[PDB]
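Chains as they are written, first to last, in the deposited numbering: chain d, 2 to 31, 36 to 77; chain a, 2 to 107; chain T, 62 to 122; chain 6, 8 to 105; chain h, 2 to 86; chain 1, 2 to 126, 132 to 146; chain D, 2 to 248.
Yeah, the Cβ is synthetic: ideal placement off N, Cα and C, and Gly gets one too.
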RNA sequence: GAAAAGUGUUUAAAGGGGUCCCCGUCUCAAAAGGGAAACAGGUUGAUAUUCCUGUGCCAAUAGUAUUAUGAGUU
RNA sequence: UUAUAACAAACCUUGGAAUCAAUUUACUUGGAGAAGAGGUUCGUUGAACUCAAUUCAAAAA
RNA sequence: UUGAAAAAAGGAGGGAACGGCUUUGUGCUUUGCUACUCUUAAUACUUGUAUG
RNA sequence: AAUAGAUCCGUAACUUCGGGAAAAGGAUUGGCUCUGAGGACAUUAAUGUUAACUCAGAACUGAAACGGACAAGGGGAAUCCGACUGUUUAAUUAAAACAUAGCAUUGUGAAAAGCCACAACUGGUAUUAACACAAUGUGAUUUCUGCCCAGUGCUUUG
RNA sequence: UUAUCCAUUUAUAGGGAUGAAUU
Ligand SMILES: [Mg+2]
Ligand SMILES: [Mg+2]
Ligand SMILES: [Mg+2]
Ligand SMILES: [Mg+2]
Ligand SMILES: [Mg+2]
Ligand SMILES: [Mg+2]
Ligand SMILES: [Mg+2]
Ligand SMILES: [Mg+2]
Ligand SMILES: [Mg+2]
Ligand SMILES: [Mg+2]
Ligand SMILES: [Mg+2]
Ligand SMILES: [Mg+2]
Ligand SMILES: [Mg+2]
Ligand SMILES: [Mg+2]
Ligand SMILES: [Mg+2]
Ligand SMILES: [Mg+2]
Ligand SMILES: [Zn+2]
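Spelled out as structure tokens, the structure:
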């Protein structure tokens, strides 16, 4: 499992066709934190956002053939 | 205390079967087998450890990226810098001496 | 046990009669020496760094 | 007798004169051209000795193979550490240059 | 306080083994555990590894030599003869 | 005297250029906040001309005797100076330029240097010993 | 009766050598064109313990004259050899401690070791720690040379036979008492199982000529003929004299 | 050696690596030596580092042809 | 190659040491280059460290 | 008493060999043009069914 | 049975000067309430936050008791044997037997040697080489080891 | 010396004057 910090890199990864599923998790922080996981054939890449709206926007951006798993 | 047991087949306290007791998310204390500490790769002359080489076991050395095995000198990851220097000096100076000897003869 | 430990902290149960290990077993002479030397040497190092003591003096001390 | 003379000369240099001992300093001196004469102990490890010789040749400096050990070369000078090679960069009253 | 008068290195042996034997050991143990003068680096660092093998700590040059001393007399004599030749 | 005069050939002792032989072009010997050490600036050969037979064809010979060069500023304490001096057989100022060490097209400069070296090897003159020395790969 | 301890040794079962940790056989160079007509120099790359031996070994590396590659010999180290010393071997070698020369080319008085008794034998005499032989003469006929072995014995060898100038390392190892039984235990533990030695006189008759009696005594002369058989040859074999040696 | 067996390079024409040369007895012998790679949680009446969920790791992966990925050379 | 941090070592540059110095619980080490100053690496370790991200504001190419 | 070996792996030394396509003559030589040599991953297709 | 743990004291003969030695032989020991000694850090010599556990001393206290159970040498003066640690008759003998270091003797210079094995070849010692291997005896140290070569053995000349 | 015997090595140049070393 890997972490991602460059949003652009994440986007690129998403664009790449072996990325079957996205996992999008909501977490009550000690505000609503959001973890964006992409499930690639090789690795499970995750991005952490402090900011909900940004997270939402990025989710929206994600290709609509991704197999989105809303965990909690 | 939480007690433990070997899980991998080898149930004796050998150098290969050394063990690091580790806490799980479950709360169970488990035993994890430590991969042995490898020997630092050494100089073809003085048998001192060569720098810039990850000391890895022969299994793990095969996988590691070529930068982690090599150093970019001449004799590289087989001879330390000091020794290399000395070798170079020998190669030059002795050659020079030979020439001098020849001159003397003639 | 906690009460006992508190009492020991105030020095209470420690005492000739309540003592079965040799002096070294109770608290190792070697460990005490180590402590002391480390304390002293550290202090010396500090002093020399501050320049409050000169090299020569430090070394002899 | 020769050895004694050499020792005396060394002493003289120490008293009045500019020197510096040990490989690196000596080499530096040679590179500069500041070295007038280098004196090298019997026990100086072969390669380094050779290097020193080469440097001297390049600078047309004298090479003097000191008869005695590392230890002696040091005792010959005022010093309680073993020496190996030293470079006189100015002779005072002393003759050793000639 | 200097602890032992006559014994020195053979205090480890204690009461056991003849006094004569311990005396002999003493010479040899002194010879063994001395740091000898290294003929290359100068430093008195040649201590004994194995029996006839003497490693300088400084330069790491293993000199073959005596079992107890670094140089036996016979060997030295031989060397001298060779030099003369 | 001053051992390392511009044009003298030296053997590098340290670094990636470990046992490579080279010509010094401009000595500095001035310690600074940037480079707190007397340094030499050197133009040398990494990959020497390979051994060649009379039997071989000319193009192939030329290919064989390509000489891959390098330009490196180096601590004088890392170089073994030689008796050999090539102030004559090269216009030395033309080999390496101080200013161009900084510049972007350093690889271009290196290439040019290499070409020059190759040319020199092709036309030796009468035949200097220094140049011969430079030609031969140091075996250690 | 039973088979005596001595007899058991020859079958070599537990009585074989403890060969496991030994570094290899100590041998001179093969006798090549080099060594016969000139000299070859090798580097002593390391000086090492060979367990069951008392004398340290020198791994000496030579460069093979007939194929590109370095090959290692195991020489017995003379005193004064050291790592990074060059050892030279051959007819026209120079006479220095360490070097390997035909006995013909060493003046009288020279001290030698690792001596081949026949040429090519890869060196056989004077190998034990401390020991040396002396060249005592070379005949006016040339050819043979007279040597004096550590025993005292004088022997005549070929002059072409090689040897090593100097004395073998680890001298005087016998000077220091073993003191403890355990140190002897450790000594033989690396050689072969010849230790403890129970006394024949402490055994029963089934076991040993000396065995039995209500007293612990040998009971019959303990000098036995050369021409005895296996279980008889037990006391002082073939003894020319006995008692405290006066000569 | 009558064989059965006894010895294992002692006087061999004893399979591998490269593009003819160069190496070279075979085989078995370690479930504590050497060694490619695994963890957690869950689950059964009875198995689990072996199933389940999840997360990895290791070793392969023939040729030819496209694609992309980056290097290097002009 | 977990990223980094810290630490025992090993090495590099500089520096040039007797009024010897650094230094360990222990002794070890030094003109074959010590201390000091700045680095490199392996090894422990496996999120230590502001570690990473983000918040906006100021200075370079 | 100096404290296994080998499989396996790695590093170094060394400098063997060297672009591709088209045309001509008996794998080699000559003539003309500039995307080449690697590299992982995916994909396709024949070859026994090419993942444990 | 007594002795025993610890702390403090004291510790002889004799000795191979290492030991003997925990010699012998004394004292103290609980609980409570205090006192003193012993660090780290970080402010700026004084003032802070703060940590073990150990030592030493003093009051009071009790049916004079306290290593309160548990656990834990009996010691000395000699003599005999074996120097010692070690090993041994599995299921009656643990020793004074064996071993041991030390000592001394003996053989052997080599693949035609020594010692031993094998039916035979061949092997072991030996990946060895006289400071070695083999074979005996005695059994640390100290101090010595006298006389006898006729008897028997071994051996040297031919 | 040719039988026989022993040794030595990869059966590796016919006899005399502490670098590298291969196509
Ligand atoms: Mg103590
Ligand atoms: Mg005995
Ligand atoms: Mg016995
Ligand atoms: Mg009996
Ligand atoms: Mg009988
Ligand atoms: Mg009896
Ligand atoms: Mg008796
Ligand atoms: Mg098998
Ligand atoms: Mg195993
Ligand atoms: Mg079960
Ligand atoms: Mg006893
Ligand atoms: Mg006992
Ligand atoms: Mg019994
Ligand atoms: Mg007995
Ligand atoms: Mg006695
Ligand atoms: Mg008598
Ligand atoms: Zn080295």
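Residue 3 (chain a) sits in coil when the DSSP states are folded into three classes, being neither helix nor strand.
If the five residues before and after residue 85 (chain 1) are omitted, its C-beta is found closer than 8 Å to the C-beta atoms of 9, 10, 135, 136, 139 and 140, all from its own chain and listed in chain order.
Between residue 89 (chain a) and chain 1, the shortest Cβ-Cβ separation is below 8 Å. For residue 198 (chain D), the Cβ falls inside the 7 Å cut-off from some heavy atom of ligand 3.
The criterion of a C-beta distance shorter than 8 Å is not satisfied by residue 45 (chain h) and residue 58 (chain h).
Here the distance from the Cβ of residue 55 (chain D) to the nearest heavy atom of ligand 5 is not below 7 Å.
Nearest C-alpha to residue 238 (chain D) among 3 (chain D), 7 (chain D) and 2 (chain D): 7 (chain D). Where residue 92 (chain a) is concerned, the enclosing alpha helix (DSSP H) starts and stops at 82–106. Remark: the C-beta of residue 83 (chain a) is in contact range of ligand 17, defined as less than 7 Å to any heavy atom. Closer than 8 Å to the CB of residue 165 (chain D) there is not a single CB belonging to chain h. Taking a 10 Å sphere around the C-beta of residue 63 (chain a), we find fewer than 16 other C-beta atoms and assign the residue as exposed.
Taking a Cβ-Cβ cut-off of 8 Å, the neighbours of residue 58 (chain 6) in chain a comprise 90 and 94, given in sequence order. For residue 23 (chain 1), the closest C-alpha among the options 112 (chain 1), 14 (chain 1), 126 (chain 1) and 44 (chain 1) is that of 44 (chain 1).
Contacts with chain 1 at 8 Å (Cβ-Cβ) include residue 65 (chain 6). The criterion of a C-beta distance shorter than 8 Å is not satisfied by residue 23 (chain D) and residue 63 (chain D).
Closer than 8 Å to the CB of residue 37 (chain h) there is not a single CB belonging to chain D.
By the CB criterion at 8 Å, residue 39 (chain d) and residue 57 (chain d) fall inside the cutoff.
The beta carbon of residue 66 (chain a) sits no closer than 8 Å to any beta carbon of chain 1. Close to chain 1, meaning a Cβ-Cβ distance shorter than 9 Å, are the following residues of the region 17–41 of chain 6: 31, 34, 35, 37, 38, 39 and 40.
Secondary structure of residue 20 (chain h) (DSSP, three-state): helix.
A residue is called buried once 16 or more other Cβ atoms fall within 10 Å of its Cβ, and residue 11 (chain 6), having fewer, is exposed. Excluding sequence positions up to five before and after residue 81 (chain D), its CB lies within less than 6 Å of the CB of 98, all in the same chain and listed in chain order. One residue after another in chain order, those with a Cβ under 6 Å from a heavy atom of ligand 1 are 90 (chain T) and 91 (chain T).
Within the region 18–45 of chain h, the residues whose Cβ lies closer than 7 Å to some Cβ of chain D are 18, 22, 25, 26 and 29, listed in chain order. Within the region 92–113 of chain D, those residues whose Cβ lies closer than 8 Å to any Cβ of chain h are, in chain order, 96, 97, 98, 108, 110, 111 and 112.
In chain order, 121 place their CB closer than 6 Å to the CB of residue 32 (chain D), counting only its own chain and leaving out the 5 sequence neighbours on each side.
With its beta carbon at least 8 Å from every one in chain D, residue 58 (chain h) lies outside the interface.
Neighbours of residue 5 (chain 1) in chain 6, taken as residues at a C-beta separation under 8 Å, are given in chain order as 38.
Under DSSP, the beta-bridge partners assigned to residue 59 (chain D) are 48 (chain D) and 76 (chain D).
Taking CB atoms only, residue 84 (chain 1) has a neighbour in chain 6 less than 8 Å away.
Closest by C-alpha distance to residue 14 (chain 1), out of 105 (chain a), 93 (chain a) and 97 (chain a), is 93 (chain a). Excluding five sequence positions before and after residue 5 (chain a), the CB atoms of its chain that fall closer than 8 Å to its own CB belong to 22, 30, 31 and 32, given in chain order.
For a Cβ distance threshold of 8 Å, residue set 38 of chain 6 lies close to residue 77 (chain 1), ordered along the chain. Put simply, the region 100–118 of chain D touches the region 154–165 of chain D. At least three CB pairs are less than 8 Å apart. In the DSSP assignment, residue 87 (chain D) falls within the unbroken beta strand (DSSP E) covering 87–90. Note on residue 154 (chain D): under 16 other CB atoms within 10 angstroms of its CB, so exposed under the neighbour-count rule.
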